[PDB]
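Residue numbers (the UniProt record's numbering), protein chains in the order written: chain A, 818 to 865; chain B, 146 to 193.
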């Protein structure tokens, strides 16, 4: 559970010669095409 | 749209909105103007 709601932690990283910033943007894009009632958030290192 | 009644609106606020708002930066206390749903067993003295 994350911030009181059911969640599933997904780790990962950007490919070589790619920024963390631009890797995260893609994850966000993909995450908007997911089924209804499903959101996301950034935690740990991605939050800061 | 007039699908959710006063009861339904109060539940969704208590279930989905209240807890996250109460843990938000600067929010000291959150007074719910309504009540969260509960399993109401409305008993009958004649049938008992």
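Virtual Cβ for every residue (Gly too), placed ideally from N, Cα, C.
Legend: CB atoms of the stretch 849-860 of chain A lying less than 9 Å from CB atoms of chain B are not found in any residue.
Here residue 174 of chain B has no same chain residue with a Cβ atom under 6 Å from its own Cβ, once five neighbours each way along the sequence are excluded. Under DSSP, residue 819 of chain A takes part in a beta bridge, and its partners are A/822. For the C-beta of residue 159 of chain B, not a single chain A residue is nearer than 9 Å; the gap to the nearest is close to 12 Å. Residue 174 of chain B is outside the set of residues whose beta carbon lies under 8 Å from a beta carbon in chain A. Residue 181 of chain B places its beta carbon 8 Å or farther from that of residue 153 of chain B. For residue 192 of chain B, the secondary structure class from DSSP, reduced to helix, strand or coil, is coil.
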